[PDB]
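So this first bit is one chain, no partners, the form deposited in one PDB entry, shown in structure tokens.
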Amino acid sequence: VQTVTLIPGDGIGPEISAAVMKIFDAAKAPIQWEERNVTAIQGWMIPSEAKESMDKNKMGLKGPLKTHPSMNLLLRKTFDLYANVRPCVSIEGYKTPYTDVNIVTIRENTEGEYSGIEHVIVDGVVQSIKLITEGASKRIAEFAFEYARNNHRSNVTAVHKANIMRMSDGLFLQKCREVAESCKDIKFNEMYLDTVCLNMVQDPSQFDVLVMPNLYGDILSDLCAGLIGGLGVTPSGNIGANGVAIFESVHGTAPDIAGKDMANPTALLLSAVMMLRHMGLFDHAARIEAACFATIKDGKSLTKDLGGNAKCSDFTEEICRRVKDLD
């Protein structure tokens, strides 16, 4: 029975984190929580009550935070969360024009176009620095191939603009190619960013695991979320150094339904499922996952953002009810 740091976040945050914990309870998941606010304080750091707690538990689950530096950026730097993982799979109860999406975007999360470095060269001339290093590219590439093996994925595509950015993207592509030659049971191709966008909105089923540097993954991960219904239903995890992982919602704070019981917990719930699979609790993952899918499929308790007329508590209750049926 393991312990997980829980950061309910803001707005609808605490509501949906209570939903997740309640559903986890219905499922009898061997998981206990450790509620921890995080608020940027000076010394800019996260309150090390939580830093201590997460360094112990390793596993974390995080709600939406509101937007003076980015607190997601602080946690990113604090735990060295270098891999952003986004599995996008179509939801049978929620139909979009894309019904056969099963993609994992693996996004380098430390450098690239998010170096933090810009210069006003001269008034009206600005330079932004994209940073690619041999080490971060090697690590993200090793993570992608191990992820492909450890989740029985067959293909890994490196996405890049190395025709245009020969030295930066070309270095990233060189490291992927190097890991590809060592992990040859996972099949490897390379593809220009714009060809990936072009083909993605036409036939997303041709793609499996996608690994790319920071900005491309930032854009592509949201593109694929749009294929399957948006950020309200998209799980996400940031995997870091010292084994740490934090799984998170990427939707907004939604302060105006903040306490009106109309939030949608699906995304955080599916991130929690992702957490469970990361921890090895596959059975509890499968049951909670199926219960949420069946609820969405029904779908009498579709929350208002999924086109239904039903409060969060109804949606949450039914998932608990259904996961209780999977005995």
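In case it trips you up, residue 1 is the first one in the sequence shown, and so on. Definition used throughout: the rigid core is the maximal C-alpha set that superposes within 1.5 Å between two forms.
The discussion below concerns the form deposited in another entry, not included here.
If you fit the rigid core between the shown form and the other one, you'll see the Cα of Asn102 move by less than 2 angstroms. Put the two forms on the same core and the Cα of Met200 is off by less than 2 Å between the shown form and the other one.
Once both forms are overlaid on the rigid core, the distance between the two CA positions of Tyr216 between the shown form and the other one is 2 angstroms or more. In that other deposited form, the Cα atoms of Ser53 and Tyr114 sit 3 Å or more nearer to each other than they do here. Panel note: the distance between the CA atoms of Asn242 and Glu52 is larger in that other deposited form than in this form, the difference being 3 Å or more.
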